[PDB]
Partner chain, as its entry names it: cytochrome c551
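Here you get one chain, nothing else, as structure tokens; it is the form deposited without its partner chain.
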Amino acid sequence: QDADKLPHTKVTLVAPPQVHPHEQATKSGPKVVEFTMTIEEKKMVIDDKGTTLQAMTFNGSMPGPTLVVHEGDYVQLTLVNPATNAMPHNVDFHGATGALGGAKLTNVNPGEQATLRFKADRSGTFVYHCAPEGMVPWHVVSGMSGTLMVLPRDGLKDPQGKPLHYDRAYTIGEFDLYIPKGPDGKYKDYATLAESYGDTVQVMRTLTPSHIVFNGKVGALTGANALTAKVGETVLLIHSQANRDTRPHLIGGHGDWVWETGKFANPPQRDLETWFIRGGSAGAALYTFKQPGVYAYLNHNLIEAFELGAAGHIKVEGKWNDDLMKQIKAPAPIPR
């Protein structure tokens, strides 16, 4: 179990909402899984009205990519902070033990890189996020978080120990954004990242987000960018919120099996309408589609979903099943 004498393997990370290829149950024994992530500070457009955010990301996306390993593996991360950035960064992995989650061993100034190794000895979906001393909330709310999924080597199980399997996995990061507004009643635009700080902390202190989005922007997962699946497929929906609570719900569907605290050694709950993801954590739900059509996947504080942005869509192909639901009488004049 010395880590230095185990096999090493390299994973190529992909952008949300996809998750990189991986095996659910594995026969292999423990390995050292190597990942690389580059920090990118950039100004991004977060709504359809042209509102901008001075953002900070892991690999250029919000959320950062999901990293997948099995319980007992060692995560070996190379964190790269290019010289074109302006701030220092680091990473705090909630799935790791010690040193402020690794934050103490990964302080990197623009133009520096560092490599950390930690044992992933606890299964579940865990948040990771940047956490620079004295500036923690700002880097997290500007976009620096993602998920680490540690699968049990034997794959997911139901409460009676029966095997659960998914066909497809999607990762949704939910971000509460605090964009300052000026007297016009218009959101401010900033020339540089550093210039947005002072105003942004004042909005943060009110505890009221201006926008709450899935994966980086209002409408990121709606319409043309909907998630896709087919009747009969089992999807795993990973949902992370590194700062604020959320309450995910699939309209027209359910959470067949849900780990809302996100830790796979505990028995999941079944048949949930709406589940709860505590700020600072990631959770996961399984659902097998039974009806075709468009579904909405959203935070069920409906002001947060429809007014502030926390809603996405899943487009499902297949044949309607009239036993589950059937219009007996279409809308028509009442009888007189």
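Positions refer to the first chain, counted from 1.
Not pictured, yet referred to below: the form deposited with its partner chain bound.
Though the partner is left out of this view, residue 134 does reach within 4.5 Å of its partner chain in the deposited bound form, counting heavy atoms only. For the chain shown alone, residue 198 is a contact residue for its partner chain in the deposited bound form, at least one non-hydrogen atom being within 4.5 angstroms. Taking the partner from elsewhere, residue 88 is found to have a heavy atom lying within 4.5 Å of its partner chain in the deposited bound form.
Annotation for 23-60: no interface residues with its partner chain in the deposited bound form [heavy atom within 4.5 Å].
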